[PDB]
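Undergrad: Let me give you the structure first, and then I'll get to my questions.
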Amino acid sequence: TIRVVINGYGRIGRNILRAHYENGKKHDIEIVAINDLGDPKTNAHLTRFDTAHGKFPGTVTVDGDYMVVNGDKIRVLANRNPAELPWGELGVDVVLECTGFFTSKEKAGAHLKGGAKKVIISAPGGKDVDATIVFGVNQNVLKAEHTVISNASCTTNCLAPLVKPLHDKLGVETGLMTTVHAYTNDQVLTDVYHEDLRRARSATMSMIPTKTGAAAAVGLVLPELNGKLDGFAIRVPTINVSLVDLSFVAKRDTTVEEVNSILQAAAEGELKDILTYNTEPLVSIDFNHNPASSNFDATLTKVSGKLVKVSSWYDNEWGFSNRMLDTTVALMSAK
Amino acid sequence: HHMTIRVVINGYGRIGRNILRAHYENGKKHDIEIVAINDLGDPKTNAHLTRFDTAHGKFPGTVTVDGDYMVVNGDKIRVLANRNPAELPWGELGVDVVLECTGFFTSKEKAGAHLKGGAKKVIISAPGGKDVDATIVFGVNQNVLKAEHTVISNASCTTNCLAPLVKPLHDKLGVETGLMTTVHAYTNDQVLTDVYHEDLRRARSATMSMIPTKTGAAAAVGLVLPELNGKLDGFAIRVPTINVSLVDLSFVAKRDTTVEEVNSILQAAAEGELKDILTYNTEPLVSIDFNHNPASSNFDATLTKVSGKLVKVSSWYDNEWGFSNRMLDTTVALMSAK
Amino acid sequence: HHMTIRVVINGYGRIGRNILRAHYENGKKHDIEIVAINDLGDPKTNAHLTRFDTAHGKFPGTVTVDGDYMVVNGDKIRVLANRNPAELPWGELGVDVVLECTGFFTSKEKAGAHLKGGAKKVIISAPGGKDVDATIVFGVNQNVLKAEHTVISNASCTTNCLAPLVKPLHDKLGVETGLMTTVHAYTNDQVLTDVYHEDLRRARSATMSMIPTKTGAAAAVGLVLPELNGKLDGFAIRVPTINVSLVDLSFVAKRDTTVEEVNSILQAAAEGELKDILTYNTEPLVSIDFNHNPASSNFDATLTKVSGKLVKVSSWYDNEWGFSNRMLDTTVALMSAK
Amino acid sequence: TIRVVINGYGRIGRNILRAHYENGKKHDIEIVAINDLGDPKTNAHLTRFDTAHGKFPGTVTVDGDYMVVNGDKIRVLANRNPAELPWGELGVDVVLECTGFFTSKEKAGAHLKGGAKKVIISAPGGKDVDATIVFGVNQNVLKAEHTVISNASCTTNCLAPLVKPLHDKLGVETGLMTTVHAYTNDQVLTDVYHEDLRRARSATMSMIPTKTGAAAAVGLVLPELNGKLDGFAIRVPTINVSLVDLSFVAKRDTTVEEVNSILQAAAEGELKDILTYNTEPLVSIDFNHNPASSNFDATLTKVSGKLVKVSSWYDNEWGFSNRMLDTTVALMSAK
Ligand SMILES: [Mg+2]
Ligand SMILES: [Mg+2]
Ligand SMILES: [Mg+2]
Ligand SMILES: [Mg+2]
Ligand SMILES: [Mg+2]
Ligand SMILES: [Mg+2]
């Protein structure tokens with residue numbers, strides 16, 4: 001059994017914890033501690049009640065130095081310097097690094113000095129991380145020697161399962177992505193100073209372009225695609241669930257039904273439960289709280305010559321949270 | 001206006017009301033007088049909706065109802081309510097052009113009822129049936145209009161954004177094939193909370209979801225640019241904004257190009273032949289900054305991507321206001337055709 | 001269910017569909033079987049809208065269309081489509097109670113057409129005409145029901161929130177007079193972007209504004225609590241949320257009271273006679289936390305204010321789900337009446 | 001002519017500046033400097049483009065140490081310690097204190113040490129401020145000796161003009177207010193740690209109660225009402241424009257038309273242009289960018305016995321911004 005801690009009990013951290021309990025602790029993981037600078041009773045309240053993900057169906061209480069979730073005593077800690085955290089004295093196998101402040105292999109390595117064996121960054125990592133993993137696509141690159149890895153981004157976890165079967169079975173010459181994306185807490189309600197002049201604008205009233213690294217990052221996960229994809233994001237006024245819209249030039253002629261069949265076979269085969277195959281006339285909220293990384297919408301496929309468009313819905317919080325647990329197991333399992 | 005084009009609006013829904021607002025808000029720049037509105041609603045309600053709008057704010061002007069007339073900045077506009085266009089007193093009113101905005105008369109056969117009532121021409125504020133005399137994106141193909149054309153289509157808001165964007169690129173680079181997504185504001189064909197609709201996706205709350213919907217607007221470019229017939233297709237994703245939309249076109253160029261070259265082609269078009277129809281934008285703007293912008297296509301050079309021969313270009317458009325202003329442009333072009 | 005109450009739903013709009021969902025989502029807690037739905041829409045569309053909802057999420061269960069039946073968790077529900085209730089085969093189906101959810105048959109005279117078709121009783125999912133046999137807020141006055149009552153009203157969602165809130169306070173403090181504002185989620189009588197409506201305020205975009213609207217729900221308390229007849233009035237402010245509303249009642253008490261005393265009165269009622277109808281809340285919650293809550297009135301003790309003899313009490317309510325569950329409660333009470 | 005500076009060029013500061021220029025500089029004021037920690041080009045961009053208030057109709061450029069607005073050179077400064085600001089060397093008459101960090105008479109007095117003559121706090125002040133002003137209701141309490149005052153809050157500026165004529169002409173025994181209020185930037189897009197557990201919840205999806213001091217603060221402005229009013233706020237998903245809903249026990253019997261007539265007479269008399277009188281069937285967005293403090297909606301009045309309900313719409317940004325300019329003049333004019 002793998003002993004995990006969560007560094008940063010924000011939205012990502014809370015959703016990882018909820019994902020662990022809501023699936024019946026399918027993974028051989030015990031969350032033995034949370035480190036967060038906020039006070040425990042507020043963080044427990046925000047675990048019990050969420051707007052996007054509703055009420056936690058389990059039980060959460062705070063008892064002394066512990067937050068108790070479905071009977072499990074999770075040690076609460078509040079040290080801003082990771083190397084002083086008692087990870088070694090606590091037997092910590094994997095730190096889920098969810099603060100957003102320690103996204104390089106160097107900064108995230110402080111957890112190793114404090115006694116933890118490994119760290120998974122809940123976001124794209126520096127150039128210098130040991131690996132960048134989309135679980136279901138490249139977790140086989142993991143090795144026992146790795147100690148700081150990145151779990152990529154929500155968007156890369158949607159795109160890579162979509163493009164891998166298509167590149168294998170059809171061939172991707174080049175591609176361009178737009179992700180139509182729910183707003184996030186790096187955005188604002190009404191216009192206010194921001195480093196980025198577009199994210200400074202009300203997220204509730206506008207479509208807001210923003211830069212994405214996900215199309216390029218698929219090159220890390222699928223090296224044969226390095227340099228072949230580019231794109232951007234459009235943030236729109238929804239609280240959760242996003243859409244990858246990928247246009248690509250196929251290397252040979254194809255049809256709508258062949259493209260769809262390739263993805264259906266992948267969803268029943270090696271990408272089962274990571275990639276799903278959807279034919280019903282659904283809308284974005286129907287994928288809220290769906291734990292898949294990539295919900296391919298076969299109803300939206302278009303083919304015009306060699307030009308193909310494919311679209312996939314993803315819960316940009318819940319899919320990623322569940323993948324953090326899958327990657328935790330695969331990392332402790334690497335030889 | 002004197003010895004002017006006399007127009008009437010059939011259907012005073014949002015499209016018709018926004019044509020009237022566009023005409024008055026630029027000071028009747030076009031040599032047009034709106035002399036009647038036919039609509040089945042209470043005239044006092046239609047007058048109130050002209051004074052106050054959520055998306056387009058308060059009308060800068062005066063609107064009163066005085067008997068059988070709605071008076072706008074002093075202009076007396078006859079208010080009618082008849083379901084059958086052939087019974088409308090268009091000959092009596094000396095109508096040059098009916099702006100047909102109901103959605104119920106989109107073929108030449110149906111719209112011809114206005115001509116029976118004595119109007120000289122009809123412009124459908126939407127894609128037309130296969131029998132219409134022309135389909136016009138003003139700035140792109142108004143030169144095809146002739147004096148013989150009597151029932152025409154002004155295409156759609158989305159086609160009016162796409163065609164100015166793709167015409168310069170096709171002329172300089174060639175288009176092999178292209179696929180469009182329009183990320184589009186919701187419209188009144190959608191719903192607040194889930195309820196019966198003919199379309200199972202538009203049956204779903206528009207305020208809470210991204211909602212795919214079909215649109216023929218990319219295929220329709222072939223009616224205005226015949227060299228592109230059959231080469232473009234696409235669909236729409238409706239999102240929770242009240243107005244302003246984004247055309248996102250991915251296409252395969254016939255030769256190699258670059259971000260800078262694509263942007264330069266569109267900059268030249270915006271400064272030249274497509275001035276005021278197509279604009280060129282480099283500032284870090286968001287969709288609401290194009291609300292109440294009368295251009296057809298506000299190209300956003302900051303978003304251009306090129307990977308191999310695949311190009312993505314994106315253009316913002318006020319899906320109500322641009323089209324409203326183009327209806328007036330096309331009215332003048334039609335009446336000027338020789 | 002065996003030797004059960006056989007119900008049908010006339011009108012499968014949101015109100016009717018949410019009754020069906022409420023029945024199945026609590027596992028058919030009530031000894032009721034829904035044996036038919038009459039609606040003019042395509043049954044496959046109505047089935048899809050039962051499986052997926054924005055406000056209430058996915059139905060936890062199965063829904064298929066198999067011939068003339070919609071099959072819900074294995075239960076065969078006959079699907080009908082007839083505009084005239086007197087032609088519906090209610091006698092053939094052994095219907096005990098029609099849940100009348102169309103909005104078109106709210107008087108006893110009109111709803112009596114269901115009785116001509118052979119149903120035994122009708123419950124209108126809305127305020128009734130002056131001729132209905134009873135108006136029921138379950139938990140407050142279901143004891144007035146008699147076996148002779150055949151067409152009744154279940155009042156409105158807002159009356160079902162207000163009456164449980166005010167009944168305990170009137171009993172212990174006395175109400176001289178009261179005025180209510182309900183801060184209310186938008187509904188499908190409103191619009192996404194401004195368009196013609198009979199009401200000039202509901203003609204305006206519901207997503208961008210606070211919109212006042214009339215409601216008789218405070219006056220209607222007098223039908224269920226006659227001692228309060230004529231003492232309460234109010235109106236609604238529609239705001240941009242899809243579901244869950246807030247009753248905000250200001251009233252003048254007949255004796256002096258305090259925040260703590262007011263809260264204690266409502267706590268005792270919630271723990272006693274009004275259990276599960278009225279809840280008592282002290283946690284720092286917001287409206288979405290009451291979405292899909294089946295109570296009629298979720299009193300929020302954190303909001304209580306008293307200044308002199310003026311009291312303000314506020315209660316959250318899922319304006320769809322509470323009422324849906326109460327329709328089922330009132331069905332059982334009506335069929336149990338002696 | 002009064003030489004003004006803006007400390008804190010956030011939303012309040014930007015809207016004060018826009019209000020000055022959009023009304024044709026009706027007030028005998030020159031904004032001679034802005035002090036803000038953000039960089040000038042971002043703040044100029046956010047002056048040119050706003051979501052709630054649209055595009056500034058004037059011209060804004062940055063030229064060296066100055067932001068030029070409609071031809072006026074406004075000195076730009078970036079000192080976080082007010083006493084080091086060159087206010088004296090710059091002839092600063094009134095500092096409009098808009099940071100939200102200096103809301104006591106003591107903390108705000110740092111501007112006086114730096115050489116400014118007076119400070120107006122753009123929010124409720126400490127117990128210790130020299131005065132709390134709702135312009136149009138009590139600006140006559142101002143005196144030459146005052147050096148730190150508060151301009152109250154947006155909500156108090158809506159409520160006080162509403163209640164003053166009613167108390168004078170009818171009599172307010174007691175009252176309770178609900179303000180149905182647009183969200184603000186102290187709220188969040190999706191649930192995240194906050195000091196207040198209700199404001200920690202998504203402002204776009206819920207009605208969110210919050211505490212207000214405005215009903216009590218009307219006691220400062222109208223001492224005869226001290227202790228007689230209480231209330232709270234409900235934040236709802238709109239970006240701007242709010243509603244005061246006041247229920248009160250009148251001291252004598254009255255009617256809907258008398259209540260409305262009292263307010264109509266006040267809107268044409270002493271409260272002209274501060275209080276407006278509205279009978280059209282309007283909704284909240286129709287009052288966006290309206291510079292009044294209190295837009296009374298006569299269509300909503302209710303009277304049941306001695307119990308009266310009156311409602312007033314207010315642009316909670318624009319009305320207050322315009323009042324800051326009115327109060328600036330009245331403060332420099334006090335003898
Ligand atoms: Mg002429
Ligand atoms: Mg005729
Ligand atoms: Mg000729
Ligand atoms: Mg039975
Ligand atoms: Mg029969
Ligand atoms: Mg009996």
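Ordered as shown in the structure tokens, chains take letters A, B, and onward, while each chain numbers its residues from 1 and ligands are numbered from 1 in the order shown.
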At a cut-off of 7 Å, list the chain B residues touching chain C, using only C-alpha atoms, as a ChimeraX atom specification.
TA: /B:13-14,45,53-54,187-188,191-195,200,204-205,242
Undergrad: Give me a file of those residues, with N, CA and C atoms, as a PDB file, in the first residue's frame.
TA:
```
ATOM      1  N   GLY B  13     -38.683  41.257 -34.659  1.00  0.00           N
ATOM      2  CA  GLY B  13     -37.931  40.524 -33.659  1.00  0.00           C
ATOM      3  C   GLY B  13     -36.578  41.178 -33.494  1.00  0.00           C
ATOM      4  N   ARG B  14     -35.631  40.434 -32.910  1.00  0.00           N
ATOM      5  CA  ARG B  14     -34.320  41.050 -32.694  1.00  0.00           C
ATOM      6  C   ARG B  14     -33.676  41.502 -33.992  1.00  0.00           C
ATOM      7  N   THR B  45     -45.206  47.543 -26.853  1.00  0.00           N
ATOM      8  CA  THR B  45     -44.160  46.633 -26.399  1.00  0.00           C
ATOM      9  C   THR B  45     -42.954  46.688 -27.322  1.00  0.00           C
ATOM     10  N   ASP B  53     -32.339  47.777 -24.513  1.00  0.00           N
ATOM     11  CA  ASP B  53     -31.871  46.446 -24.873  1.00  0.00           C
ATOM     12  C   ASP B  53     -30.763  46.060 -23.913  1.00  0.00           C
ATOM     13  N   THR B  54     -30.696  44.774 -23.584  1.00  0.00           N
ATOM     14  CA  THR B  54     -29.609  44.314 -22.727  1.00  0.00           C
ATOM     15  C   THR B  54     -28.279  44.325 -23.480  1.00  0.00           C
ATOM     16  N   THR B 187     -28.535  32.261 -28.494  1.00  0.00           N
ATOM     17  CA  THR B 187     -29.575  33.021 -29.161  1.00  0.00           C
ATOM     18  C   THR B 187     -30.939  32.583 -28.642  1.00  0.00           C
ATOM     19  N   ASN B 188     -31.974  33.286 -29.079  1.00  0.00           N
ATOM     20  CA  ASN B 188     -33.285  32.994 -28.521  1.00  0.00           C
ATOM     21  C   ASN B 188     -33.916  31.726 -29.074  1.00  0.00           C
ATOM     22  N   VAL B 191     -32.571  27.819 -24.723  1.00  0.00           N
ATOM     23  CA  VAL B 191     -33.412  27.835 -23.532  1.00  0.00           C
ATOM     24  C   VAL B 191     -32.611  28.124 -22.269  1.00  0.00           C
ATOM     25  N   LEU B 192     -33.309  28.652 -21.256  1.00  0.00           N
ATOM     26  CA  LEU B 192     -32.692  28.922 -19.954  1.00  0.00           C
ATOM     27  C   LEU B 192     -32.486  27.656 -19.124  1.00  0.00           C
ATOM     28  N   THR B 193     -33.495  26.785 -19.082  1.00  0.00           N
ATOM     29  CA  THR B 193     -33.425  25.527 -18.337  1.00  0.00           C
ATOM     30  C   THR B 193     -34.082  24.462 -19.200  1.00  0.00           C
ATOM     31  N   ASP B 194     -33.659  23.212 -19.037  1.00  0.00           N
ATOM     32  CA  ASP B 194     -33.945  22.229 -20.082  1.00  0.00           C
ATOM     33  C   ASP B 194     -35.454  22.099 -20.326  1.00  0.00           C
ATOM     34  N   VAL B 195     -35.837  22.155 -21.603  1.00  0.00           N
ATOM     35  CA  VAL B 195     -37.232  22.017 -22.007  1.00  0.00           C
ATOM     36  C   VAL B 195     -37.298  21.511 -23.434  1.00  0.00           C
ATOM     37  N   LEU B 200     -32.243  18.119 -29.671  1.00  0.00           N
ATOM     38  CA  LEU B 200     -32.001  17.631 -28.313  1.00  0.00           C
ATOM     39  C   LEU B 200     -30.871  18.355 -27.598  1.00  0.00           C
ATOM     40  N   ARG B 204     -31.238  21.995 -24.087  1.00  0.00           N
ATOM     41  CA  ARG B 204     -30.511  22.047 -22.836  1.00  0.00           C
ATOM     42  C   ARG B 204     -30.142  23.482 -22.471  1.00  0.00           C
ATOM     43  N   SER B 205     -30.149  23.762 -21.178  1.00  0.00           N
ATOM     44  CA  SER B 205     -29.792  25.084 -20.679  1.00  0.00           C
ATOM     45  C   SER B 205     -28.581  25.677 -21.380  1.00  0.00           C
ATOM     46  N   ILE B 242     -24.115  36.443 -24.167  1.00  0.00           N
ATOM     47  CA  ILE B 242     -25.343  36.954 -24.763  1.00  0.00           C
ATOM     48  C   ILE B 242     -25.144  37.462 -26.192  1.00  0.00           C
TER      49      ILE B 242
END
```
Undergrad: Could you list the residues in chain A lying within 12 Å of chain D, using only C-alpha atoms, and format the result as a PyMOL selection string?
TA: chain A and resi 8-15+36-54+182-208+237-240+317
Undergrad: Using only C-alpha atoms, which protein or nucleic acid residues come within 7 Å of residue 34 (chain B)? Drop anything in the same chain fewer than 4 positions from it, and give the result as a VMD selection string.
TA: chain B and resid 6 to 8 77
Undergrad: Please determine, counting only C-alpha atoms and all ligand atoms, which residue among C:107, C:149, C:231, C:74 has the shortest atom-to-atom distance to ligand 6.
TA: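 Using only C-alpha atoms and all ligand atoms, ligand 6 sits closest to C:149.
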Undergrad: Using only C-alpha atoms, find the one residue out of D:332, D:287, D:322, D:158 that sits nearest to chain B.
TA: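 Distance minimum relative to chain B lands on D:287.
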Undergrad: What do you get as a VMD selection string if you pick all residues at most 10 Å from ligand 2, counting only C-alpha atoms and all ligand atoms?
TA: chain B and resid 85 to 92 114 116 to 118
Undergrad: Nearest residue to chain B out of D:116, D:56, D:5, D:100, using only C-alpha atoms?
TA: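 That would be D:56, the residue with the smallest distance to chain B.
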Undergrad: Residues contacting ligand 6 - anything with an atom at most 9 Å away, using only C-alpha atoms and all ligand atoms - can you give me those as JSON, numbers by chain?
TA: {"C": [146, 147, 148, 337, 338]}
Undergrad: If we count only C-alpha atoms, what is near region 60-70 of chain B at a cut-off of 8 Å, once residues fewer than 6 positions away on the same chain are taken out, given as a ChimeraX atom specification?
TA: /B:25,43-44,47,50-51,76-80
Undergrad: Quick one: which residues from chain B are at most 7 Å off chain A, using only C-alpha atoms, as a JSON list (two decimals) with N, CA, C and O atoms, in the first residue's frame?
TA:
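Below is the file iface-v3.json, written as the result:
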```json
[["chain", "number", "residue", "atom", "x", "y", "z"],
["B", 177, "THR", "N", -9.06, 22.94, -48.60],
["B", 177, "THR", "CA", -10.14, 22.39, -47.80],
["B", 177, "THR", "C", -10.06, 23.09, -46.45],
["B", 177, "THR", "O", -8.96, 23.46, -46.03],
["B", 200, "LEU", "N", -32.24, 18.12, -29.67],
["B", 200, "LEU", "CA", -32.00, 17.63, -28.31],
["B", 200, "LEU", "C", -30.87, 18.35, -27.60],
["B", 200, "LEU", "O", -30.82, 18.31, -26.36],
["B", 201, "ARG", "N", -29.94, 18.97, -28.33],
["B", 201, "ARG", "CA", -28.90, 19.77, -27.70],
["B", 201, "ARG", "C", -29.40, 21.17, -27.37],
["B", 201, "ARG", "O", -29.13, 21.67, -26.26],
["B", 208, "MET", "N", -25.52, 27.17, -18.89],
["B", 208, "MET", "CA", -24.66, 26.30, -18.09],
["B", 208, "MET", "C", -23.72, 25.44, -18.92],
["B", 208, "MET", "O", -22.85, 24.78, -18.34],
["B", 209, "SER", "N", -23.91, 25.36, -20.23],
["B", 209, "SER", "CA", -23.15, 24.43, -21.05],
["B", 209, "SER", "C", -22.68, 25.02, -22.36],
["B", 209, "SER", "O", -23.23, 26.01, -22.88],
["B", 210, "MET", "N", -21.62, 24.38, -22.88],
["B", 210, "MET", "CA", -21.24, 24.44, -24.28],
["B", 210, "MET", "C", -22.11, 23.46, -25.05],
["B", 210, "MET", "O", -22.19, 22.27, -24.68],
["B", 211, "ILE", "N", -22.77, 23.94, -26.11],
["B", 211, "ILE", "CA", -23.81, 23.18, -26.82],
["B", 211, "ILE", "C", -23.52, 23.12, -28.31],
["B", 211, "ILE", "O", -23.67, 24.14, -29.00],
["B", 239, "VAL", "N", -22.04, 28.94, -26.48],
["B", 239, "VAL", "CA", -21.51, 29.08, -25.12],
["B", 239, "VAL", "C", -22.27, 30.16, -24.36],
["B", 239, "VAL", "O", -23.04, 30.93, -24.97],
["B", 240, "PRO", "N", -22.09, 30.27, -23.03],
["B", 240, "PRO", "CA", -22.92, 31.21, -22.23],
["B", 240, "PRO", "C", -22.46, 32.66, -22.28],
["B", 240, "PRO", "O", -22.09, 33.26, -21.27],
["B", 241, "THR", "N", -22.58, 33.27, -23.45],
["B", 241, "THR", "CA", -22.51, 34.72, -23.61],
["B", 241, "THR", "C", -23.71, 35.19, -24.42],
["B", 241, "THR", "O", -24.29, 34.45, -25.23],
["B", 250, "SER", "N", -9.88, 26.49, -39.60],
["B", 250, "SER", "CA", -8.68, 25.74, -39.93],
["B", 250, "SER", "C", -8.72, 25.36, -41.40],
["B", 250, "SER", "O", -9.72, 24.78, -41.85],
["B", 284, "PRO", "N", -4.72, 43.06, -27.11],
["B", 284, "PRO", "CA", -5.13, 41.88, -26.31],
["B", 284, "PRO", "C", -6.56, 42.05, -25.82],
["B", 284, "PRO", "O", -6.84, 42.37, -24.66],
["B", 285, "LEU", "N", -7.49, 41.88, -26.74],
["B", 285, "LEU", "CA", -8.90, 42.14, -26.47],
["B", 285, "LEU", "C", -9.65, 40.84, -26.24],
["B", 285, "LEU", "O", -9.15, 39.75, -26.49],
["B", 286, "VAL", "N", -10.86, 40.97, -25.69],
["B", 286, "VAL", "CA", -11.75, 39.85, -25.45],
["B", 286, "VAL", "C", -13.10, 40.11, -26.12],
["B", 286, "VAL", "O", -13.34, 41.18, -26.65],
["B", 287, "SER", "N", -14.00, 39.13, -26.07],
["B", 287, "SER", "CA", -15.15, 39.20, -26.95],
["B", 287, "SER", "C", -16.00, 40.45, -26.70],
["B", 287, "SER", "O", -16.48, 41.07, -27.65],
["B", 288, "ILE", "N", -16.20, 40.85, -25.44],
["B", 288, "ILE", "CA", -17.11, 41.96, -25.18],
["B", 288, "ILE", "C", -16.60, 43.24, -25.80],
["B", 288, "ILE", "O", -17.38, 44.16, -26.08],
["B", 305, "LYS", "N", -2.32, 30.75, -36.09],
["B", 305, "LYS", "CA", -1.36, 29.66, -35.96],
["B", 305, "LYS", "C", -1.17, 29.01, -37.32],
["B", 305, "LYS", "O", -2.10, 28.93, -38.13],
["B", 307, "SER", "N", 0.85, 25.37, -38.73],
["B", 307, "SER", "CA", 1.66, 24.18, -38.49],
["B", 307, "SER", "C", 1.66, 23.39, -39.79],
["B", 307, "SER", "O", 0.61, 22.88, -40.22],
["B", 308, "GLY", "N", 2.81, 23.38, -40.46],
["B", 308, "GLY", "CA", 2.90, 22.81, -41.81],
["B", 308, "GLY", "C", 2.02, 23.65, -42.72],
["B", 308, "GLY", "O", 2.03, 24.88, -42.66],
["B", 310, "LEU", "N", -1.20, 23.64, -42.54],
["B", 310, "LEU", "CA", -2.45, 23.87, -41.83],
["B", 310, "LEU", "C", -2.41, 25.24, -41.16],
["B", 310, "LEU", "O", -1.51, 25.52, -40.38]]
```
Undergrad: Which residues sit within 12 Å of ligand 4, counting only C-alpha atoms and all ligand atoms, listed as a PDB file with C-alpha atoms, in the first residue's frame?
TA:
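part-v6.pdb was written with the following content:
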```
ATOM      1  CA  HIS C   1     -45.979  -1.473  -6.046  1.00  0.00           C
ATOM      2  CA  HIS C   2     -49.091  -3.606  -5.339  1.00  0.00           C
ATOM      3  CA  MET C   3     -52.688  -2.370  -4.788  1.00  0.00           C
ATOM      4  CA  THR C   4     -51.158   1.056  -5.245  1.00  0.00           C
ATOM      5  CA  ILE C   5     -52.225   4.578  -6.201  1.00  0.00           C
ATOM      6  CA  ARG C   6     -52.239   4.791 -10.004  1.00  0.00           C
ATOM      7  CA  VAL C   7     -51.167   8.264 -11.165  1.00  0.00           C
ATOM      8  CA  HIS C  30     -44.634   6.670  -1.953  1.00  0.00           C
ATOM      9  CA  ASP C  31     -47.023   3.832  -2.733  1.00  0.00           C
ATOM     10  CA  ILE C  32     -47.661   5.282  -6.200  1.00  0.00           C
ATOM     11  CA  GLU C  33     -47.193   3.973  -9.720  1.00  0.00           C
ATOM     12  CA  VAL C  95     -56.386   6.153 -12.989  1.00  0.00           C
ATOM     13  CA  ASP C  96     -56.738   7.293  -9.405  1.00  0.00           C
ATOM     14  CA  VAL C  97     -55.078  10.730  -9.704  1.00  0.00           C
ATOM     15  CA  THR C 331     -51.401  12.536  -3.814  1.00  0.00           C
ATOM     16  CA  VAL C 332     -51.168  10.099  -0.919  1.00  0.00           C
ATOM     17  CA  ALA C 333     -53.005  12.447   1.436  1.00  0.00           C
ATOM     18  CA  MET C 335     -56.324   9.259  -1.632  1.00  0.00           C
ATOM     19  CA  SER C 336     -56.143   8.623   2.138  1.00  0.00           C
TER      20      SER C 336
END
```
